[PDB]
Amino acid sequence: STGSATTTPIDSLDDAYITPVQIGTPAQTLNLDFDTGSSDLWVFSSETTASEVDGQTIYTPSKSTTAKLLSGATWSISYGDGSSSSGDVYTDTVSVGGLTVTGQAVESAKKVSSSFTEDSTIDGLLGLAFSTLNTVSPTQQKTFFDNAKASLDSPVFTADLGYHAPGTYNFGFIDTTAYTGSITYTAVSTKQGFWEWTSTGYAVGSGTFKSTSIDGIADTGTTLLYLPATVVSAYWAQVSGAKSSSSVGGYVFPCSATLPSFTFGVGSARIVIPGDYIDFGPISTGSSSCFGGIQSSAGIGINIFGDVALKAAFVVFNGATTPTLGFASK
(Lines give C-alpha, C1' and ligand atoms only; values in the text may rest on other atoms or scores of the structure.)
Protein backbone atom coordinates (compact mmCIF):
# COMPACT_ATOMS: atom_id res chain seq x y z
CA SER A 1 0.00 0.00 0.00
CA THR A 2 0.84 3.69 -0.23
CA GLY A 3 -0.56 7.01 0.89
CA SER A 4 -0.14 10.56 -0.36
CA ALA A 5 -1.44 13.71 1.34
CA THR A 6 -0.99 17.40 0.76
CA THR A 7 0.44 19.42 3.62
CA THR A 8 -0.41 23.13 3.80
CA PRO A 9 1.26 26.00 5.69
CA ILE A 10 -0.90 27.31 8.52
CA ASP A 11 0.04 30.95 7.86
CA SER A 12 2.02 33.25 5.58
CA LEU A 13 5.31 32.50 7.38
CA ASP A 14 5.17 28.69 7.13
CA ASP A 15 5.14 28.50 10.93
CA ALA A 16 3.85 24.93 10.67
CA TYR A 17 2.13 22.65 8.18
CA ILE A 18 -1.18 20.83 8.54
CA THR A 19 -2.21 17.62 6.82
CA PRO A 20 -5.76 16.23 6.79
CA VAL A 21 -6.19 12.92 8.63
CA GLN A 22 -9.32 10.76 8.69
CA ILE A 23 -10.09 9.29 12.12
CA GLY A 24 -12.91 6.90 12.95
CA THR A 25 -16.04 5.61 11.26
CA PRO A 26 -17.61 7.57 9.70
CA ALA A 27 -14.45 9.58 9.14
CA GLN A 28 -13.78 12.66 11.22
CA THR A 29 -11.20 14.72 9.36
CA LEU A 30 -8.75 16.64 11.55
CA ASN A 31 -5.83 18.75 10.36
CA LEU A 32 -2.74 17.47 12.13
CA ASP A 33 0.83 18.71 12.41
CA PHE A 34 3.03 15.86 11.20
CA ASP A 35 6.02 15.91 13.55
CA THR A 36 9.12 13.81 12.86
CA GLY A 37 10.45 14.98 16.24
CA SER A 38 7.79 13.26 18.38
CA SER A 39 5.92 9.98 18.52
CA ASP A 40 2.37 10.63 19.79
CA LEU A 41 -0.73 11.01 17.63
CA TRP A 42 -2.90 13.25 19.78
CA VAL A 43 -6.01 15.26 18.98
CA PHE A 44 -8.30 17.90 20.33
CA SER A 45 -11.41 16.02 21.32
CA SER A 46 -14.82 16.03 22.92
CA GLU A 47 -12.88 15.38 26.16
CA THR A 48 -10.72 18.51 25.93
CA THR A 49 -11.42 21.07 28.65
CA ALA A 50 -13.89 23.39 26.95
CA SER A 51 -12.06 26.61 27.84
CA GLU A 52 -8.95 25.20 26.11
CA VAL A 53 -10.68 24.70 22.75
CA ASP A 54 -10.82 27.80 20.53
CA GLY A 55 -11.77 26.95 16.96
CA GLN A 56 -10.09 23.55 16.53
CA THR A 57 -11.93 20.62 15.01
CA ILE A 58 -12.41 17.92 17.63
CA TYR A 59 -12.47 14.14 17.53
CA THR A 60 -15.55 12.70 19.23
CA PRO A 61 -14.87 9.00 19.89
CA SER A 62 -18.48 8.33 20.91
CA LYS A 63 -19.49 9.10 17.30
CA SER A 64 -17.03 6.58 15.83
CA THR A 65 -18.28 3.01 15.60
CA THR A 66 -14.68 1.76 15.44
CA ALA A 67 -13.36 3.68 18.46
CA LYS A 68 -12.44 1.66 21.55
CA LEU A 69 -11.16 3.07 24.83
CA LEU A 70 -7.68 1.74 25.55
CA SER A 71 -8.44 0.89 29.14
CA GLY A 72 -6.14 2.43 31.72
CA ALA A 73 -3.96 4.19 29.18
CA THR A 74 -2.94 7.82 29.68
CA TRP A 75 -0.47 10.11 27.97
CA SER A 76 1.33 13.33 28.76
CA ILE A 77 3.86 15.14 26.60
CA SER A 78 6.03 18.23 26.82
CA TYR A 79 7.63 19.66 23.70
CA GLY A 80 10.92 21.49 23.25
CA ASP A 81 9.09 24.83 23.06
CA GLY A 82 7.52 24.39 26.51
CA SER A 83 4.05 23.43 25.27
CA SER A 84 2.31 20.32 26.55
CA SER A 85 -0.83 18.22 26.45
CA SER A 86 -2.23 15.12 28.14
CA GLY A 87 -5.24 12.82 28.24
CA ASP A 88 -6.51 9.30 27.64
CA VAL A 89 -6.33 6.95 24.67
CA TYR A 90 -8.61 5.29 22.14
CA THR A 91 -7.80 2.94 19.33
CA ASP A 92 -9.48 3.74 16.04
CA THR A 93 -9.05 3.59 12.28
CA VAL A 94 -6.77 6.33 10.96
CA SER A 95 -6.19 7.10 7.30
CA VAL A 96 -3.70 9.49 5.72
CA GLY A 97 -3.87 10.16 2.01
CA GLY A 98 -5.57 6.84 1.30
CA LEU A 99 -3.36 4.73 3.60
CA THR A 100 -5.37 3.14 6.40
CA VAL A 101 -4.22 1.77 9.76
CA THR A 102 -6.67 -0.05 11.99
CA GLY A 103 -6.17 -0.07 15.73
CA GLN A 104 -4.07 3.10 15.78
CA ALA A 105 -3.66 4.70 19.20
CA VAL A 106 -5.42 8.07 19.06
CA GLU A 107 -4.50 10.07 22.13
CA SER A 108 -7.44 12.23 23.15
CA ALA A 109 -6.48 15.47 24.88
CA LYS A 110 -8.12 16.31 28.15
CA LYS A 111 -5.75 19.26 28.65
CA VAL A 112 -3.64 21.30 26.25
CA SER A 113 -1.32 24.20 26.98
CA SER A 114 -2.14 27.74 25.91
CA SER A 115 -0.06 27.72 22.72
CA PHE A 116 -2.19 24.88 21.35
CA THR A 117 -5.45 26.57 22.34
CA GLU A 118 -4.27 29.78 20.68
CA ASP A 119 -3.56 28.05 17.36
CA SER A 120 -6.97 27.36 15.88
CA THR A 121 -5.49 25.80 12.72
CA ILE A 122 -3.83 22.77 14.36
CA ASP A 123 -6.20 20.03 15.57
CA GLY A 124 -3.42 17.83 16.97
CA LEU A 125 -0.10 16.22 16.16
CA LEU A 126 0.85 13.06 14.29
CA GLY A 127 4.23 11.91 15.51
CA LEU A 128 6.67 10.32 13.07
CA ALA A 129 9.77 9.85 15.24
CA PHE A 130 10.58 6.43 16.67
CA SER A 131 7.96 4.69 18.79
CA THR A 132 10.40 4.49 21.73
CA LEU A 133 9.44 8.14 22.42
CA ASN A 134 5.69 7.48 22.62
CA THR A 135 4.36 8.68 25.97
CA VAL A 136 1.40 6.33 26.47
CA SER A 137 1.50 4.59 29.84
CA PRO A 138 1.51 1.86 31.01
CA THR A 139 1.69 0.32 27.52
CA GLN A 140 3.67 2.35 25.00
CA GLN A 141 1.97 2.68 21.62
CA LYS A 142 3.26 2.66 18.05
CA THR A 143 3.27 5.57 15.63
CA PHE A 144 1.11 5.62 12.53
CA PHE A 145 4.19 4.90 10.42
CA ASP A 146 5.27 2.00 12.61
CA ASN A 147 1.79 0.48 12.36
CA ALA A 148 1.63 0.99 8.59
CA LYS A 149 5.20 -0.02 7.79
CA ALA A 150 4.73 -3.73 7.11
CA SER A 151 1.87 -3.04 4.68
CA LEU A 152 3.69 -0.33 2.73
CA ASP A 153 5.25 -1.05 -0.64
CA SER A 154 8.53 0.22 0.83
CA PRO A 155 9.09 1.09 4.53
CA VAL A 156 9.58 4.80 3.92
CA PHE A 157 7.85 8.13 4.10
CA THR A 158 8.88 11.37 2.44
CA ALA A 159 8.49 15.02 3.39
CA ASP A 160 8.30 17.59 0.60
CA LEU A 161 7.45 20.82 2.37
CA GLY A 162 6.71 23.93 0.33
CA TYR A 163 8.04 27.44 0.72
CA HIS A 164 4.95 29.62 1.10
CA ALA A 165 3.05 26.86 -0.69
CA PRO A 166 1.57 23.40 -0.09
CA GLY A 167 3.71 20.30 -0.22
CA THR A 168 3.33 16.55 0.18
CA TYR A 169 3.81 13.71 2.63
CA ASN A 170 4.04 10.34 0.88
CA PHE A 171 4.02 6.93 2.56
CA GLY A 172 5.42 3.77 1.03
CA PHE A 173 7.02 5.12 -2.14
CA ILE A 174 9.53 7.66 -3.40
CA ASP A 175 8.11 10.00 -6.07
CA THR A 176 11.04 10.28 -8.46
CA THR A 177 9.41 13.28 -10.17
CA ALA A 178 9.46 15.33 -6.97
CA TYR A 179 13.18 16.13 -6.82
CA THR A 180 16.14 17.01 -9.02
CA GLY A 181 19.41 15.14 -9.22
CA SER A 182 19.95 12.21 -6.88
CA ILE A 183 19.00 11.48 -3.29
CA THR A 184 21.98 11.33 -0.94
CA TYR A 185 21.44 8.97 1.97
CA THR A 186 23.09 9.40 5.34
CA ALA A 187 23.25 7.36 8.53
CA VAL A 188 20.73 7.75 11.35
CA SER A 189 21.12 7.14 15.06
CA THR A 190 17.91 6.15 16.82
CA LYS A 191 19.53 6.22 20.27
CA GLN A 192 17.54 9.28 21.35
CA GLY A 193 14.39 8.25 19.46
CA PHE A 194 14.86 10.90 16.73
CA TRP A 195 15.84 10.93 13.07
CA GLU A 196 19.30 11.99 14.19
CA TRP A 197 22.03 12.41 11.59
CA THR A 198 25.32 14.25 11.03
CA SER A 199 25.61 17.04 8.48
CA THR A 200 29.04 17.37 6.90
CA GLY A 201 29.23 21.17 7.13
CA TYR A 202 27.91 24.47 5.92
CA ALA A 203 28.44 27.56 3.82
CA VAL A 204 27.07 31.09 4.14
CA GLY A 205 25.98 32.69 0.88
CA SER A 206 28.64 32.33 -1.79
CA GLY A 207 31.31 31.65 0.85
CA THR A 208 33.54 28.63 1.08
CA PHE A 209 32.14 25.41 2.48
CA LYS A 210 33.28 24.63 6.01
CA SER A 211 33.68 20.90 6.56
CA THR A 212 32.56 20.14 10.09
CA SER A 213 30.32 17.49 11.63
CA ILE A 214 26.99 18.84 12.88
CA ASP A 215 24.83 16.26 14.65
CA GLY A 216 21.15 17.12 14.65
CA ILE A 217 17.62 15.90 14.08
CA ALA A 218 15.32 16.13 11.06
CA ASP A 219 12.24 17.66 12.70
CA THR A 220 9.21 18.65 10.63
CA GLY A 221 7.48 19.86 13.80
CA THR A 222 10.03 22.62 14.46
CA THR A 223 9.73 25.80 12.39
CA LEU A 224 13.32 27.04 12.40
CA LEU A 225 16.88 25.82 11.88
CA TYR A 226 18.76 25.58 15.20
CA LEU A 227 22.53 25.21 14.89
CA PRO A 228 25.64 25.74 17.03
CA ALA A 229 26.32 29.32 18.08
CA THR A 230 29.52 29.46 16.01
CA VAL A 231 27.65 28.59 12.81
CA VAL A 232 24.76 30.94 13.54
CA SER A 233 27.10 33.83 14.33
CA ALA A 234 28.94 33.25 11.04
CA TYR A 235 25.62 33.43 9.17
CA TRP A 236 24.27 36.58 10.77
CA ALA A 237 27.64 38.36 10.53
CA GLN A 238 26.90 38.55 6.79
CA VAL A 239 23.69 40.56 7.37
CA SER A 240 24.32 44.23 8.13
CA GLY A 241 22.60 45.25 11.34
CA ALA A 242 21.72 41.72 12.46
CA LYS A 243 22.18 41.01 16.15
CA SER A 244 21.12 38.58 18.84
CA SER A 245 18.44 40.14 21.03
CA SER A 246 17.98 38.63 24.48
CA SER A 247 14.69 40.50 24.84
CA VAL A 248 13.26 39.14 21.59
CA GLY A 249 14.78 35.69 22.07
CA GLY A 250 17.17 35.30 19.17
CA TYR A 251 18.74 36.87 16.14
CA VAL A 252 16.87 39.72 14.51
CA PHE A 253 17.77 41.67 11.42
CA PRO A 254 16.60 44.80 9.59
CA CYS A 255 13.57 44.00 7.48
CA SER A 256 15.23 46.00 4.68
CA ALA A 257 18.05 43.44 4.43
CA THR A 258 18.52 40.90 1.67
CA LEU A 259 19.46 37.63 3.37
CA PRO A 260 22.19 35.32 2.08
CA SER A 261 21.54 31.67 1.42
CA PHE A 262 22.70 28.96 3.81
CA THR A 263 24.05 25.63 2.56
CA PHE A 264 24.25 22.44 4.60
CA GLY A 265 26.12 19.28 3.73
CA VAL A 266 24.64 15.81 3.36
CA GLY A 267 27.61 13.60 2.72
CA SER A 268 29.28 15.05 -0.35
CA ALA A 269 26.00 16.68 -1.45
CA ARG A 270 24.79 20.18 -0.64
CA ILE A 271 21.33 21.54 0.13
CA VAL A 272 20.93 25.29 -0.42
CA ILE A 273 18.40 27.19 1.69
CA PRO A 274 17.58 30.43 -0.16
CA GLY A 275 17.89 33.60 1.87
CA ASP A 276 14.16 34.28 1.57
CA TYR A 277 13.43 31.09 3.52
CA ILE A 278 15.29 32.56 6.52
CA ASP A 279 13.00 35.61 6.85
CA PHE A 280 10.31 35.17 9.50
CA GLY A 281 9.02 38.70 9.27
CA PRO A 282 8.51 41.52 11.72
CA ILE A 283 8.95 40.65 15.39
CA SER A 284 5.65 42.45 16.03
CA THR A 285 3.17 43.98 13.62
CA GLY A 286 4.63 47.06 11.95
CA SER A 287 8.15 46.58 13.29
CA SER A 288 11.14 47.02 11.01
CA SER A 289 13.02 44.37 13.02
CA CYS A 290 12.58 40.93 11.50
CA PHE A 291 13.03 37.54 13.14
CA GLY A 292 15.68 35.22 11.77
CA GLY A 293 15.04 31.67 10.66
CA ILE A 294 18.47 30.38 11.73
CA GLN A 295 18.91 30.47 15.51
CA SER A 296 21.32 29.11 18.06
CA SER A 297 20.75 25.66 19.53
CA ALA A 298 22.98 26.46 22.51
CA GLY A 299 20.04 26.47 24.94
CA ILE A 300 18.35 23.38 23.48
CA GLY A 301 20.93 20.62 23.85
CA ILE A 302 20.52 19.38 20.27
CA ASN A 303 20.76 20.85 16.79
CA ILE A 304 17.45 20.85 14.91
CA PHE A 305 17.01 20.77 11.14
CA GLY A 306 13.50 22.15 11.24
CA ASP A 307 11.21 23.30 8.47
CA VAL A 308 13.55 26.11 7.29
CA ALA A 309 16.07 23.44 6.30
CA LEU A 310 13.74 20.60 5.35
CA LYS A 311 11.59 22.63 2.97
CA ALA A 312 14.68 23.27 0.83
CA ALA A 313 14.86 19.51 0.18
CA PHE A 314 12.98 16.38 -0.70
CA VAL A 315 13.53 14.29 2.42
CA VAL A 316 13.30 10.50 2.67
CA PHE A 317 12.69 8.97 6.08
CA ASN A 318 13.79 5.39 5.45
CA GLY A 319 12.38 3.12 8.15
CA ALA A 320 14.17 -0.03 7.05
CA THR A 321 15.66 -2.27 9.74
CA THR A 322 18.62 0.11 9.80
CA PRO A 323 17.01 3.52 9.25
CA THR A 324 18.59 6.19 7.08
CA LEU A 325 17.72 9.68 5.86
CA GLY A 326 17.85 10.84 2.26
CA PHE A 327 18.06 14.40 0.97
CA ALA A 328 17.67 15.69 -2.58
CA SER A 329 17.43 19.15 -4.02
CA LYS A 330 14.16 20.04 -5.72
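Cβ sites come from the backbone with ideal geometry, for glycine too, and all protein chains shown count toward neighbours. The values are calculated or read from the model by the stated rules, or taken from the named source; these are not laboratory values.
Of the residues that sit in the stretch 262-272 and are outside any loop (DSSP other than H, G, I, E, B) and not charged (D, E, K, R), which one is surrounded by the most Cβ atoms within 10 Å (Cβ to Cβ)?
Within the stretch 262-272, the first condition is being outside any loop (DSSP other than H, G, I, E, B), and the residues that meet it are 262-266, 269-272.
Filter once more, so that each one left must be not charged (D, E, K, R): 262-266, 269, 271-272.
Details: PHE262: 28, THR263: 19, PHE264: 25, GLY265: 23, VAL266: 23, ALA269: 19, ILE271: 22, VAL272: 14.
Of everything passing the filter in the stretch 262-272, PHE262 is surrounded by the most Cβ atoms within 10 Å (Cβ to Cβ).
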Any residue at all in the stretch 88-100 that is under 21 Å from the mean Cα position of the chain (by Cα) and closer than 18 Å to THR222 by Cβ? no
Filtered residue count, the stretch 106-133, keeping only those that are under 16 Å from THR74 (Cβ atoms) and in contact with a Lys or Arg (Cβ under 9 Å, 6 or more places away or on another chain): 0
Please specify each residue of the stretch 82-99 satisfying the condition of being hydroxyl-bearing (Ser, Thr, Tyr) and closer than 26 Å to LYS149 by Cβ. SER85, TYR90, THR91, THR93, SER95
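State all residues of the stretch 154-188 that are hydroxyl-bearing (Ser, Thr, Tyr) and touching a residue at least 12 places away in the same chain (Cβ under 8 Å); if no residue qualifies, say none.
First, pick out the residues of the stretch 154-188 that are hydroxyl-bearing (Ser, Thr, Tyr): 154, 158, 163, 168-169, 176-177, 179-180, 182, 184-186.
Within the stretch 154-188, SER154, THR158, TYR163, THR168, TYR169, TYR179, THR180, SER182, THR184, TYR185, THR186 qualify.
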Restricting the stretch 6-28 to residues that are surrounded by fewer than 21 Cβ atoms within 10 Å (Cβ to Cβ) and small (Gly, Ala, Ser), which is farthest from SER108 (Cα to Cα)? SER12
Looking at the structure I just gave you, is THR19 part of a strand (DSSP E or B), in the same structural domain as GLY124 (by CATH) and either free of Cβ contacts under 8 Å to residues at least 40 places away in the same chain or not basic (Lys, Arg) (or both)? yes
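In the stretch 66-78, is there at least one residue being small (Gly, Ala, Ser) and free of Cβ contacts under 8 Å to residues at least 24 places away in the same chain? Break it down stepwise before answering.
Taking the stretch 66-78 as the starting set, the residues that turn out to be small (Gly, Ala, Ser) are 67, 71-73, 76, 78.
With free of Cβ contacts under 8 Å to residues at least 24 places away in the same chain added as a condition, the list becomes 71, 78.
Yes.
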Inside the stretch 273-326, counting only strands (runs of 3 or more DSSP E) that do not spill past its ends, which hold 1 or more residues that are surrounded by 22 or more Cβ atoms within 10 Å (Cβ to Cβ) and of a type in the set (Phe, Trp, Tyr)? 289-292, 303-305, 314-318
With (1) among the polar types (S, T, N, Q); (2) touching a helix residue (DSSP H, G or I) at 6+ places or on another chain (Cβ under 9 Å); (3) farther than 27 Å from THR184 by Cβ as the list, and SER297 as the residue in question, which single condition is left unmet? (3)
Keeping to the stretch 207-252, report how many residues are in contact with a strand residue (DSSP E or B) (Cβ under 6 Å, 6 or more places away or on another chain) and assigned to a loop (DSSP other than H, G, I, E, B). 10
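Which members of the stretch 49-75 meet the condition of being assigned to a helix (DSSP H, G or I) and under 25 Å from the mean Cα position of the chain (by Cα)? So that I can check it myself, show each step before the final result.
Applying the first criterion (assigned to a helix (DSSP H, G or I)) to the stretch 49-75 yields 50-52, 61-63.
If the condition is that a residue be assigned to a helix (DSSP H, G or I) and under 25 Å from the mean Cα position of the chain (by Cα), then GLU52 is the only one that fits.
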Checking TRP42 against (1) part of a strand (DSSP E or B); (2) more than 29 Å from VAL308 (Cβ to Cβ), the condition it does not meet: (2)
Residues of the stretch 91-127 satisfying the condition of being touching a residue at least 60 places away in the same chain (Cβ under 8 Å) and in a loop (DSSP other than H, G, I, E, B): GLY97, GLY98, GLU118, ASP119, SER120, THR121, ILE122, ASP123
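Within the stretch 268-317, which residues are hydroxyl-bearing (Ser, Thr, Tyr) and touching a residue at least 24 places away in the same chain (Cβ under 8 Å)?
First, the residues of the stretch 268-317 that are hydroxyl-bearing (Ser, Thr, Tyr): 268, 277, 284-285, 287-289, 296-297.
Correct list: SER268, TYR277, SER287, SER288, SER289, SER296, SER297.
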Output the residues belonging to the stretch 235-287 that are aliphatic (A, V, I, L, M) and closer than 25 Å to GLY181 by Cβ. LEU259, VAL266, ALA269, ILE271, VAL272, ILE273, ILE278
Residue check: is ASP160 in contact with a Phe, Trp or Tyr (Cβ under 6 Å, 6 or more places away or on another chain), of a type in the set (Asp, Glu) and either within 29 Å of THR212 (Cβ to Cβ) or in the same structural domain as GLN104 (by CATH) (or both)? yes
